[PDB]
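Accompanying notes for the structure given below.
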Amino acid sequence: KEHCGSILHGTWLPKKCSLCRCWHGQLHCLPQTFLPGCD
């Protein structure tokens, strides 16, 4: 019962790198240059 993704942080520990979006069928979960210093 969903119409998109969500939020993420493929990082763990005190880090803020990697994400998702919420679109109707486009972009699940990826970083996408979110922080060019941390994966």
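We number chain A the way Swiss-Prot does; in order, the residues shown are 96-134.
Method reported for this entry: solution NMR.
Cβ coordinates are placed from backbone N, Cα and C, and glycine is handled just like the others.
Out of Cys112, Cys115, the record in Swiss-Prot bonds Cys133 through a disulfide to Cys112. Looking up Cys124 in Swiss-Prot gives a disulphide bond whose other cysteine, out of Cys115, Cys117, is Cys115. Cα of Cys133 (disulfide bond) to Cα of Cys115 (disulfide bond): a distance of 16 Å.
Taken residue by residue with DSSP, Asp134 (GPI-anchor amidated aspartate) is part of neither helix nor strand, so it is coil.
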